[PDB]
Amino acid sequence: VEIX
Amino acid sequence: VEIX
Amino acid sequence: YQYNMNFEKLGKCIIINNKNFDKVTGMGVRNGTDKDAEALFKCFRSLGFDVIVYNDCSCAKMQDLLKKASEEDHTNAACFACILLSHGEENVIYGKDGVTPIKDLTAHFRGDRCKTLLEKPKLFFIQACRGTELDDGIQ
Amino acid sequence: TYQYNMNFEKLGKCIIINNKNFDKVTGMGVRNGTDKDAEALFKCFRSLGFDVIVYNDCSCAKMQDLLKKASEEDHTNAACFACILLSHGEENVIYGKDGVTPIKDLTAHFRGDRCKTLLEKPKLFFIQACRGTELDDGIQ
Amino acid sequence: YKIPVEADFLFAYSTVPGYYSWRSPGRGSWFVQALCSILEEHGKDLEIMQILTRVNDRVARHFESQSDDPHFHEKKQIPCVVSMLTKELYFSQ
Amino acid sequence: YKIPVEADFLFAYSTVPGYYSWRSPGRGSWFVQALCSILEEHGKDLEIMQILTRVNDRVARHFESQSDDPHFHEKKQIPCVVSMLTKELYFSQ
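Residue numbers (PDB author numbering), protein chains in the order written: chain F, 1 to 4; chain E, 1 to 4; chain A, 58 to 196; chain C, 357 to 496; chain D, 511 to 603; chain B, 211 to 303.
What follows is the structure, encoded as structure tokens:
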């Protein structure tokens, strides 16, 4: 999972 | 009337 | 006690789906955002919104899109909805060319600047970061 | 399973900070009418079932310490927590009689990791204060 | 297992960010007047968002400033609710 | 007579101010996943604050990050609803  |  | 929904249309729903960004911004590709936008498209379509999805918008593009919508005639609409999918930082959202303030995007729909949405709900949904803190959770 | 569990011995604590008078150096005037607010509020929240406490003309350090201590208390038998702030303010910030302090710093004491006995319990903050200098001209 | 540390907060501001908030020396602040009024008659039977929404409505409709200074004359106010709640909140039953 | 210019707005942010927001490349962002799930099964029969509150709950409970970087491992998220609405909002009838 990544971050915006 | 006044303001905070 | 409830907003009057007895109108011809539920209203317009703008989805801004920003995936790819100019390298000058230093921001990476937002993989998965297409799955978001499609799912959002179906849901809000199902609610009764007239949905349009715009992709990889510049700041001026985003500014123009919302400005134009505020100038449209919403007399037969119950409400307005806007969905923003992008990178972001506190108080601001990324176009592909950089950042623009969220307040500037939404101010177009103020009562004095959009009379046909007066006393009607104006909804903004924002998937974006708002800074760099993490939430460690507990228990 | 969609509503907060209210089955506790107590509803909870309600802290009211009633700031009326300010050190002149802050440039802030006396907040006349705030006593009626505080009187109206304690009566209402007492009626709800809260254990209400009223503090008057608090310094910034007073406000910080006060909320800190309350966060360190044992809320295991309480359904929720409430705090009401009545003062001058500016964006993101609230006035003590001593100057300004950030709202976030006041409320952060009650974060889940810093007040475990209010975990999964609602933490309510009611804020009567200015948040800048813009006016709302209205329409229609 | 875990829960976020910022969860289960609710902030009922008297006004929106960037703006003033109004206070009658005789009757008390608009927001508090409305909040207490509505809590008196619906505190025990309405959910917290329903209460604060009605508070929003009352401050918005029932109130308008008067000053001899035209810069402060006939101005309006809208409160602002920030919710990190994970459940509905009733103060009863 | 008058109505405030900032009234009848609602902001459903995916996260609280100052914080990151999470996104799975395969399944989409946490907030949108939760929003769509809840809208799909309750969009037309629940009030908007009830909807977004359930979204808050699901994002808070059902989701937890995994990274090989320990700085980003096992992190959590809570969304943030800002309401200047003056009425209850249902998407039907």
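Idealized CB from N, CA, C, for every residue including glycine.
Query	Result
Segments assigned beta strand (DSSP E), at least 3 residues, entirely inside the stretch 112 to 172 of chain A	137 to 142, 149 to 152 and 155 to 158
Beta-carbon contacts of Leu-545 (chain D) that lie in its chain and below 7 Å, excluding the five residues immediately before and after	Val-565
Beta-carbon proximity list for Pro-280 (chain B), same chain, < 8 Å, skipping 5 on both sides	none
Which of helix, strand or coil DSSP assigns to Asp-107 (chain A)	strand
For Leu-480 (chain C), the first and last residue of its enclosing alpha helix (DSSP H)	No alpha helix (DSSP H) holds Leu-480 (chain C); the beta strand (DSSP E) holding it covers 479 to 484.
Boundaries (first-last residue) of the alpha helix (DSSP H) holding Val-242 (chain B)	240 to 252
Neighbouring residues, chain B, relative to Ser-593 (chain D) (Cβ below 9 Å)	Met-259, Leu-262, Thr-263, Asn-266, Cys-290, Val-291, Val-292 and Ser-293
Rounded C-alpha distance that separates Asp-107 (chain A) from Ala-426 (chain C)	50 Å
Contact under 8 Å by Cβ, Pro-227 (chain B) with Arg-187 (chain A)	yes
Counterpart residues of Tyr-229 (chain B) in DSSP-defined beta bridges	A:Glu-190
At least 3 beta-carbon pairs within less than 8 Å: the stretch 95 to 112 of chain A vs the stretch 131 to 146 of chain A	yes
Identified DSSP bridge partners for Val-292 (chain B)	D:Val-592 and B:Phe-221
The stretch 253 to 272 of chain B contacting the stretch 76 to 84 of chain A, beta-carbon criterion three pairs below 8 Å	no
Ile-371 (chain C): first and last residue of the uninterrupted beta strand (DSSP E) it sits in	368 to 374
Within chain C, partners of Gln-587 (chain D) - CB distance below 8 Å	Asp-492
Chain D contact for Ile-248 (chain B) (CB, 8 Å cutoff)	no
Nearest-angstrom Cα separation, counted from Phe-219 (chain B) out to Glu-598 (chain D)	21 Å
Per-residue contacts from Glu-216 (chain B) into chain C (C-beta, under 7 Å)	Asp-492
Residue nearest to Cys-416 (chain C) in terms of C-alpha spacing, selected from C:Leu-397, C:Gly-383, C:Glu-365 and C:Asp-461	C:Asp-461
Helix, strand or coil at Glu-274 (chain B) according to DSSP, with G and I counted as helix	coil
As assigned by DSSP and simplified to three states, the class of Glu-65 (chain A)	coil
6 Å Cβ shell around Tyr-411 (chain C) - same chain, five flanking residues per side excluded	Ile-373
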